[PDB]
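The chain below stands alone and is given in structure tokens; this is the form solved without its partner chain.
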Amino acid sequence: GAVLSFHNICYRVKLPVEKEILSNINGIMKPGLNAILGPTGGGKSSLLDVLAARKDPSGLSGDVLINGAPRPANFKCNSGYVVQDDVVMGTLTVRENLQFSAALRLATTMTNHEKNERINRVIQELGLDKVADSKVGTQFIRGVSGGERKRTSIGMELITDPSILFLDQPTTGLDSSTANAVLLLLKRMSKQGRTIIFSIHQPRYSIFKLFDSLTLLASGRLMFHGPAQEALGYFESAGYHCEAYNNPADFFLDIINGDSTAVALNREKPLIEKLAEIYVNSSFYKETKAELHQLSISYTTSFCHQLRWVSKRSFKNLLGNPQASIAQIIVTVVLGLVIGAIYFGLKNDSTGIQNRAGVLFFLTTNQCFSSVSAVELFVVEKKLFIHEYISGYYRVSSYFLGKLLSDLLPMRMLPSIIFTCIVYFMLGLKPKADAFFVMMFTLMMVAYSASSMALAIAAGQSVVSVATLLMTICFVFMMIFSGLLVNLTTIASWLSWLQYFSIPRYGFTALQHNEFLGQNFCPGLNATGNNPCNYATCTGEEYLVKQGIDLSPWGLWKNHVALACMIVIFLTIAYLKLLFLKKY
């Protein structure tokens, strides 16, 4: 079994001014069933986060050790923490959330059939039968109830078979018969050699009789720590006799909460500093401090198994909530039909270039501004990514690449195919076969580079408010330097370097080089030369040298390697912004 030890644990929270949650706290949690009791605000979820390695260590002032050695790197992949506020995906099902966490947190030497045989056993043992194929709700569509969602969070961290299991009040939201059935399941599990540390509120006497160790937190200090059977006899010596209460857990928390002003105002030298100084002078503290001195990432599944399940769960959210993908395809058709109907029948005339160089500007501007909706990719599921990363589900690189494919394929690749096809059979652009696919590839790369910039601004962010705003004003900034309204050669030298940062300038140049190269506009001529007066812009090549565009075949693909270097750079910024996010 695992003997988790914690020695001289202090904590501090900056609100600046620091507040001392969790003063000097010492204890040992041997394999069994270790309960933490105490009032609300006592520091029970703070102690249980320190012990589960989920607090920022800048405020933490002690050492937690498993078996006398410090915590390994594969601790989240060997332990479980059921947290208090039930971070469950509410577009999946009770069985689907159990299928996801069994797939990524159990090793793949087990069959997918035998993984589901263990999911059925946990659904039966937790009593989730009538809601197993019913959706966990979100905060707008109700679904599964609060106690049935609580048992889903318990069961997701229970198929994984952890050796140390932490539970943040596992039976609040449960009734007195399901709460006893859950701790009798844990007591059965704890007798296989598991260390189970939990906090609990209002346990009944049949639940309290299961405890192997008792911890009593109040105001951040320890009122008692030791066995639960020798807990009632500890308070008899301190002047508190038991049986005005048939339940000892109702007796223990009437002592350590008598100083509370709710209890003093309703039906009724500090009590905390008196009860805490009794404990450090007692024999239970000398027993544990003379025992503490004797004691004093390699994920479960591979990268490709986690990549094939983050994207599998991401595609099921898009096939269940296909609002933004149907609306993407709908307003891409009616925009491609309108752009094709305005510039319908492009002539080779004196005004056939500003129609052509004005239609390829609105194709590029559309693919850039459509990518502002990629800001919400890592923002709406930030709480679920942070919870499931510290729980040991996946790498950051598995989640990052798996969630890319739910934004790359259905929102950027596919609406750049049907947008290129629609404005090709109705405009009359360069009619060859290769220039159709160069135009399709160019519209994809400005959709990928502008989406990678949407991820680089918005990764690791809680709201979309700063990121959408910096997304659109950076695209108005990149549209000044696109090379259409104001000429890039007449820009002064201290500002003309900003044209190399412009995503629309690379797309519009590659669309201009693909379209105008080999065209001729001056035919229709007289015995005299042509008879407009700029004088004339006959060849598509001389239009390109006026813009400053190279006529070599490198002058086309210079713009496609500069958009590929903007995809790699902006997706490395966006990856590291999720990697170095503070997830405590």
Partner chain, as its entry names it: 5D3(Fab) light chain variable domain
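Positions refer to the first chain, counted from 1.
Gap between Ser296 and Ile297: 10 or more deposited residues without coordinates. In this entry, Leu15 and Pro16 are separated by 4 to 9 residues of the deposited sequence that lack coordinates.
Beyond what is shown, the protein has a form deposited with its partner chain bound; the following relates to that form.
Though the partner is left out of this view, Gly529 does reach within 4.5 Å of its partner chain in the bound PDB entry, counting heavy atoms only. Although the partner is absent here, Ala69 sits far enough away that none of its heavy atoms falls within 4.5 Å of its partner chain in the bound PDB entry. When its partner chain is considered in the bound PDB entry, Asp56 lies well away from it, no heavy atom lying within 4.5 Å. Although the partner is absent here, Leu551 lies within 4.5 Å of its partner chain in the bound PDB entry, judged by heavy atoms. Taking a 4.5 Å heavy atom cutoff to its partner chain in the bound PDB entry, the contacting residues in 536-553 are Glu541, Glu542, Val545, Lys546, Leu551, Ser552.
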